[PDB]
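# A closer look at the structure
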Amino acid sequence: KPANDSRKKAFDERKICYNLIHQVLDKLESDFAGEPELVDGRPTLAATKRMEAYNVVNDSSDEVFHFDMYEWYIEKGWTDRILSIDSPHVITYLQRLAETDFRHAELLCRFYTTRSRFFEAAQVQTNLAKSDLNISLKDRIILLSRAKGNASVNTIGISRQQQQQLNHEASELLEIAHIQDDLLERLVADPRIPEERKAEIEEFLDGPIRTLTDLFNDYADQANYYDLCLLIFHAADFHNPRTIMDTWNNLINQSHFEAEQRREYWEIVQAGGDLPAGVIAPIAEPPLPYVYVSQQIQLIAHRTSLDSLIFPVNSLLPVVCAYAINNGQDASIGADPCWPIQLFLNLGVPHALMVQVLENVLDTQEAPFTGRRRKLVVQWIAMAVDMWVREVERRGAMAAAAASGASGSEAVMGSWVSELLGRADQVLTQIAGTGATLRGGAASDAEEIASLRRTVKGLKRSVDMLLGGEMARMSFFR
Amino acid sequence: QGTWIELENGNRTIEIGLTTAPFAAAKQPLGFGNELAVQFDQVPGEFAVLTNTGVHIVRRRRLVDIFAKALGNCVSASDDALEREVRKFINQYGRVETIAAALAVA
Amino acid sequence: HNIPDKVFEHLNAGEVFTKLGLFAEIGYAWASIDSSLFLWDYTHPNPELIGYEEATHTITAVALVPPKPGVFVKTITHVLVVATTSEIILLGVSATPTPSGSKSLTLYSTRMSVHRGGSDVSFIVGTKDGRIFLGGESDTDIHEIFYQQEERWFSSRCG
Amino acid sequence: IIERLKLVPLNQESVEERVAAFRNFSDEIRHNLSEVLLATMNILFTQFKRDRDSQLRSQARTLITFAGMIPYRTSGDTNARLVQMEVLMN
Amino acid sequence: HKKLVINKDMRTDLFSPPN
Amino acid sequence: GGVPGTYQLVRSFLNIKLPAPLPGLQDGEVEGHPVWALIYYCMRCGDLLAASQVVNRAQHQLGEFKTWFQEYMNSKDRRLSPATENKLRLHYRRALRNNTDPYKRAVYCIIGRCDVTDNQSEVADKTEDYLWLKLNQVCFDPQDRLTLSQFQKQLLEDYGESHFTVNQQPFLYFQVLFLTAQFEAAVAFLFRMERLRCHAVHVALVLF
Amino acid sequence: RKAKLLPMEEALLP
């Protein structure tokens with residue numbers, strides 16, 4: 001349709017006829033709105049006029065007309081009839097108009113899929129998601145999500161390699177898209193963001209998908225959304241342990257302060273006071289800070305799957321343990337002193353790796369894990385090894401039933417675990433001694449420590465029995 | 001030459017800034033504004049329009065961009081359809097500038 | 001290029017004042033929310049937000065100007081001027097181009113700052129030689145910020 | 001899988017040898033030839049609705065000529081259905 | 001873009017109205 | 001008072017239509033009612049879920065019927081797989097062709113679409129119960145099998161208006177023709193009743 | 001993420 005050309009006139013004189021045809025069909029369905037297609041069995045007169053009319057339509061060989069009718073069906077929303085044509089003519093017509101409009105591309109893709117041509121649909125959807133057409137972020141998320149699905153299934157005549165490469169590009173773009181969508185939503189809803197800025201954020205984020213650098217620098221880092229920063233380091237395969245840990249430290253501290261604030265507001269309601277202007281009260285005890293913090297760690301863990309570089313257990317577990325000590329998230333407030341260990345075990349950290357780290361914590365005596373607070377470190381080790389023992393015992397029972405002989409990867413216990421418990425007993429003996437000669441009077445934790453000793457000895461016994469042959473005889477009857 | 005660019009409902013323009021290097025076809029007023037001379041020495045000017053919803057990129061179009069686009073609409077037309085479009089260019093830019101644009105597009 | 005969603009979260013989290021602006025010379029935009037500032041590369045499809053929240057009072061103006069020659073390391077390409085209701089703050093900027101075609105932006109502290117005074121600052125402009133001029137909505141007065149590398153017993157690094 | 005077995009020809013060149021092999025294959029196999037041809041056809045049939053079109057069309061033909069030269073179980077209903085599925089492809 | 005570029009040098013103050 | 005759950009309704013329906021226990025029932029009871037009565041009238045009302053709940057509380061008594069029924073509820077078009085469909089039909093035909101529990105008979109060949117000739121007149125005494133009994137037995141592509149064409153033709157050809165209009169109730173025949181896709185027959189038929197001309201013309205217009 | 005502010009020592013010469 002080159003402008004300035006003089007066939008336009010010829011096209012316009014046909015468009016006036018085609019429009020009038022629309023009115024006829026429109027008035028037809030209108031006149032016969034509520035009329036049944038069959039009465040007493042055979043067809044009515046209102047039905048026959050519908051067939052006679054639509055006959056004339058499908059009996060035409062005017063091509064500009066049939067194009068105008070495809071466009072018209074699309075307009076009125078009749079996916080009913082258009083997807084049921086059969087003809088390629090309509091496919092070929094769509095193949096030209098696809099890279100141009102979202103609605104048309106969706107029709108094309110629908111045609112492909114019903115013909116088991118999933119890969120071709122995934123290609124159209126992906127390109128559309130990367131394009132500069134006016135498409136919203138959420139629609140780009142839907143397009144990518146569909147492409148991902150369609151590229152993950154076999155399409156005949158296309159190599160596995162070509163499928164996987166597309167499925168992979170869609171998966172990466174979908175991950176980034178979801179991040180961008182989380183940002184945009186949070187920023188717009190953020191009470192501490194000026195309206196003037198929000199409109200600006202909506203303009204640059206509710207469109208084509210942006211790079212991970214931009215999302216980090218211009219948005220996630222500026223607004224201190226550290227959880228999203230971490231997801232971004234994951235999606236970018238960001239190799240930088242120090243920055244990752246700095247972000248973990250900021251996330252923990254930010255969450256702690258927020259939980260503290262919410263518990264304060266609550267305490268004011270239960271005392272009669274008034275909350276700051278524009279502060280929605282809490283009608284129910286909010287969670288203690290260590291509970292909200294660990295909630296944050298879980299949400300991220302499930303989103304990244306522990307196999308990431310944003311979960312270096314050797315650095316992250318000591319930091320969380322550090323937090324617990326330095327912020328009195330312990331028995332004084334009614335929390336389980338082993339909560340940090342429980343958290344990472346349920347999360348699915350392998351028992352061997354846990355004990356391995358805890359050993360390092362105990363040997364190096366760093367940051368807060370010093371003096372008599374190593375009492376706490378010993379308790380964590382006791383709890384970790386205890387769970388490990390229980391695991392080995394159940395895996396033994398497990399393999400006696402469903403019979404066979406195996407055990408790969410999983411670290412297996414060595415004498416080092418036994419030695420570790422020996423040293424742990426020494427540390428306790430040392431802490432108890434130092435506690436008995438403190439200035440001001442003996443320490444109050446005498447029996448508390450005597451108990452821990454018994455537990456540790458019990459565990460060394462068990463571990464010694466397993467190590468000593470009771471582990472190779474677990475699938476045997478006693 | 002003027003045009004109206006419509007922004008969607010809710011778009012409040014905040015600021016507009018140049019993203020490319022400042023335009024200059026010469027070092028003194030005579031010759032300074034000669035867009036035609038620099039069509040192939042520096043990219044067309046682009047401008048970032050900041051709104052409360054995003055940043056829109058607006059690009060200046062050169063004669064060769066207009067000439068190529070216009071000819072792209074003449075691909076499906078007559079021998080006289082091109083001559084008509086070409087005469088528009090000659091009446092505005094003169095014959096030499098128009099034929100030079102055709103050579104460039106070619 | 002849509003505004004990142006995280007900026008919308010901060011903007012709608014604004015208590016008193018927000019503002020948007022452009023650094024078109026380097027392909028960056030910025031948003032201020034109260035005493036916090038966020039920059040991002042708008043050409044990038046999923047930008048990361050460069051956050052700067054050292055400021056104590058509401059930001060009223062932000063600008064990117066050339067540096068004063070013979071003051072900073074050659075790798076410093078610009079100076080970021082941040083004006084609040086209490087002071088004006090200078091930050092070193094290095095906007096080095098990347099393989100993708102969008103400048104990589106890193107910020108440097110300077111110890112250069114001056115108390116604002118009684119006159120609002122809503123407009124900041126810079127000259128080719130790095131001179132920084134200020135004006136606002138309190139009066140028609142025009143101020144200039146001076147800064148130098150050396151500290152002196154009779155003169156501060158920034159005036 | 002069916003391609004590896006080299007039981008049903010898919011290129012016209014293999015029809016002569018595959019047809020001779022059917023003669024001395026265990027009747028426990030010839031019995032299930034009917035269902036194999038139809039599944040294989042219905043397989044190509046499905047992949048068609050999803051150059052490649054020529055390749056499926058060629059293979060479709062191959063199955064028919066094989067079935068035409070093979071006397072087997074329910075050759076009547078099977079040979080007819082096989083031909084119909086090939087017509088819908090075109 | 002799924003490639004990150006940190007650049008604290010020249011940002012836009014997130015906590016200020018615009019010039 | 002609120003429409004009760006199809007299960008409790010059916011239970012409160014069995015109370016009335018069988019106050020005393022019939023001595024020929026089998027497989028015990030469930031919460032005070034024969035297990036097969038509940039299954040039938042639940043399927044008759046169209047709530048397969050309510051019927052499957054009944055099965056879940058009689059797992060031990062019903063034997064292998066559980067895995068068969070659970071497949072019927074899953075498979076669409078109210079049909080089982082040929083393999084499993086064969087397993088149950090042969091079992092019913094083996095030693096349950098004549099069982100003293102009519103509800104048991106009905107359910108089995110409603111699930112297996114068998115014994116098309118036996119109208120299960122013990123439980124399907126109304127006309128709608130017959131139509132519903134058969135439409136759950138029709139099949140699509142040789143023995144003990146009925147198709148819609150045969151059923152629709154078999155009904156009006158052999159048992160014409162005369163059979164279905166002896167009670168001088170015209171709609172009864174109309175429903176037989178209309179619910180079997182024989183719209184033209186039902187329209188002409190109902191168009192002859194001088195009191196129902198209006199209605200038959202319009203049901204023709206709708207179809208038109 | 002709060003932007004890392006590299007020191008003045010690198011920034012200004014000499």
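Residues numbered from 1 in each chain as written, not as in the entry; some residues may be left out. Chains lettered and ligands numbered in written order. Part of a larger assembly, values for the part shown. Heavy atoms only, no water.

For this deposition, the record names cryo-EM as the technique by which the model was determined and cites 37 Å as its resolution.

## Quick notes on the environment of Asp41(B)
Along the chain, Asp41(B) turns up in the loop between α1 (29–32) and β2 (46–51). Considered as a pair, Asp41(B) and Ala104(B) are 63 residues apart in the sequence and their alpha carbons are 13 Å apart. (Helix = DSSP H or I, 4+ residues; strand = E, 2+ residues; numbered from the N terminus.)

## Things to note about the nonpolar core
Ranked by size, the top nonpolar core spans 166 residues in total, and within it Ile201(A), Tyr219(A), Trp248(A), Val7(C), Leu37(C) and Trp40(C) carry the most contacts. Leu18(F), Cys42(F), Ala58(F) and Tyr103(F) belong to the second largest nonpolar core, which has 40 residues in total. (Core = buried A, V, L, I, M, F, W, Y, C linked by side-chain atoms within 4.5 Å. Buried < 20%, exposed > 50% of the residue type's maximum accessible area, 1.4 Å probe, protein only.)

## Details of the interface of chain C and chain A
Listed as interface residues are 45 residues of chain C and, on the opposing side, 51 residues of chain A. At the boundary of chain C with chain A, total buried surface from both sides reaches about 2,900 Å², with 45% on carbon and sulfur atoms. Among the residues of chain C in contact with chain A, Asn2(C), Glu9(C) and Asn46(C) are the three that bury the most area, contributing 22% of the side total. Summed over the shared surface of chain C and chain A, the result is 1 salt bridge. Put simply, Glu9(C) and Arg186(A) hold a salt bridge, and the shortest N to O gap is 3.4 Å. Inspection of the chain C/chain A interface yields 86 residue pairs in polar contact. Here the element with the most residues in the side of chain C that touches chain A is helix α1 (residues 5–12) of chain C; it accounts for 8 residues. Its residues placed into classes, the side of chain C that touches chain A shows 23 nonpolar, 13 polar and 9 charged. (Contact = heavy atoms within 4.5 Å. Buried area = accessible area lost by both parts, 1.4 Å probe. Salt bridge = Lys/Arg side-chain N within 4 Å of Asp/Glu carboxyl O. Polar contact = N/O pair within 3.5 Å; in protein donor to acceptor, adjacent residues only side chain to side chain. Nonpolar A, V, L, I, M, F, W, Y, C, P; charged D, E, K, R; others polar.)

## Comments concerning the pattern of salt bridges
Residue and element names in this part refer to chain A. One pass over the structure, following the stated rule, counts 61 salt bridges over all chains. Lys9 is the partner of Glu13 in a salt bridge, and the nearest nitrogen-oxygen pair spans 3.1 Å. Of this pair, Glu13 and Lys9 both sit in helix α1 (residues 8–31), 4 residues apart, which is roughly one turn of the helix. Using a relative accessible area of 46% as the deciding quantity, one classes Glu13 as partly exposed.

## Quick word on the arrangement of the chains
The top pair by number of contacts, from a total of 11 pairs of chains in contact, is chains A and C. The two units chain D and chain F are non-contacting; their minimal C-alpha-C-alpha distance is 13 Å. Looking at chain E next to chain F, you find no contact at all, with the nearest C-alpha pair sitting 45 Å apart.

## Remarks on the packing of aromatic side chains
Geometry of an aromatic ring pair is reported as the spacing of the ring centres plus the angle between the planes. Residues and elements named next belong to chain A. Here the structure, examined in full by the defined rule, presents 38 aromatic pairs over all chains. Here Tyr18 and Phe65 contribute two aromatic rings whose centre-to-centre distance is 5.2 Å and whose plane-to-plane angle is 35°, an arrangement assigned as tilted. Here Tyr18 is found in helix α1, whereas its partner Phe65 is found in helix α3 (residues 63–76), with 47 residues between them in sequence. Summarising the burial analysis for this pair, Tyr18 and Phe65 share the class buried. Between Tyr290 and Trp339, the aromatic rings sit 5.3 Å apart at their centres with planes inclined by 45°, giving tilted as the arrangement. (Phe/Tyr/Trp six-rings, centres within 6.5 Å; stacked < 30°, edge-to-face > 60°.)

## Examining the sheet that holds strand β2 (residues 28–33) of chain C
The strand order β1-β2-β3-β5 (chain C) describes an open sheet built from 4 strands, whose pairing is antiparallel. Of all the strands in the sheet, just β1 (18–23) and β5 (50–52) of chain C have a single pairing partner and so form its edges. Sheet twist, expressed as the average angle between the axes of neighbouring strands with direction ignored, equals 15°. Relative to strand β3 (residues 36–41) of chain C, helix α11 (residues 213–220) of chain A is tilted by about 160°, and along the sheet it contacts β2, β3 and β5 of chain C. (Pairing = 2+ DSSP bridges. Axes fitted to C-alpha atoms, helices over the stretch in contact; angles between N-to-C directions.)

## So, the interface of chain C and chain B
Listed per partner, the contact involves 10 residues of chain C and 14 residues of chain B. Summed over both partners, the interface of chain C with chain B buries about 940 Å², with 65% contributed by carbon and sulfur atoms. The largest share of the area that chain C buries against chain B comes from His1(C), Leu20(C) and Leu22(C), three residues that together contribute 49% of it. Our count for the contact surface shared by chain C and chain B stands at 0 salt bridges. Linking chain C with chain B are 3 residue pairs in polar contact. Ranked by the residues each element gives to the side of chain C that touches chain B, the list is headed by β1(C), at 3 residues. Class assignment for the residues of the side of chain C that touches chain B results in 6 nonpolar, 3 polar and 1 charged.

## Side note on unusual backbone geometry
Of the consecutive residues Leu13(G) and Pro14(G), the connecting peptide bond is found in the cis state with omega at -10°. As for its position among the elements, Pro14(G) is in the segment after α1 (8–11). The phi angle at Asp86(A) is positive, at roughly 105°, despite the residue not being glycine. Structurally, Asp86(A) is set in the loop between α4 (79–82) and α5 (89–97). With phi around 50°, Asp115(F) is a residue other than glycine that occupies positive phi space. Assignment of secondary structure puts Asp115(F) in the loop between α7 (102–111) and α8 (127–135). Judged by its relative accessible area of 12%, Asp115(F) is buried.

## Here's the deal with the packing of helix α9 (residues 160–189) of chain A against α1(C)
The contact between α9(A) and α1(C) brings their axes to 4 Å, and the two run at 15°. Of the possible angle classes, the one that applies to α9(A) and α1(C) is roughly parallel. For the pair α9(A) and α1(C), the crossing hand works out as left-handed. Of the residues in α1(C), those touching α9(A) at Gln180(A), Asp181(A), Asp182(A), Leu183(A), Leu184(A), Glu185(A), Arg186(A), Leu187(A), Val188(A) and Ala189(A) are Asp5(C), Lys6(C), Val7(C), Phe8(C), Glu9(C), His10(C), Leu11(C) and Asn12(C). Classifying every residue of the contact of α9(A) with α1(C) gives 8 nonpolar, 3 polar and 7 charged. (Parallel < 35°, antiparallel > 145°, perpendicular 65-115°, else oblique. Left-handed = near helix turned anticlockwise from the far one by under 90°.)

## A closer look at the packing of helix α4 (residues 33–49) of chain D against helix α6 (residues 75–89) of chain D
Residues and elements named next belong to chain D. Between α4 and α6, the shortest axis-to-axis distance is 10 Å and the interhelical angle comes to 10°. Classified by the angle between their axes, α4 and α6 sit roughly parallel to one another. Contact residues: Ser34, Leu37, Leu38, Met41, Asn42, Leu44, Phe45 and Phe48 in α4; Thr78, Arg81, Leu82, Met85, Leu88 and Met89 in α6. Looking at side-chain class alone, the contact of α4 with α6 contains 10 nonpolar, 3 polar and 1 charged residues.

## Let's talk about a nonpolar patch on the surface
A cluster of nonpolar side chains, contributed by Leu45(A), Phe191(F), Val201(F) and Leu205(F), occupies part of the molecular surface with about 330 Å² of accessible area. Here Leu45(A) shows up in helix α2 (residues 45–58). (Patch = residues over 30% accessible without salt bridge, like charges linked within 9 Å, V, L, I, M, F, W, Y side chains within 5 Å. Areas by Shrake-Rupley, 256 points an atom, 1.4 Å probe, with all protein chains shown as cover.)

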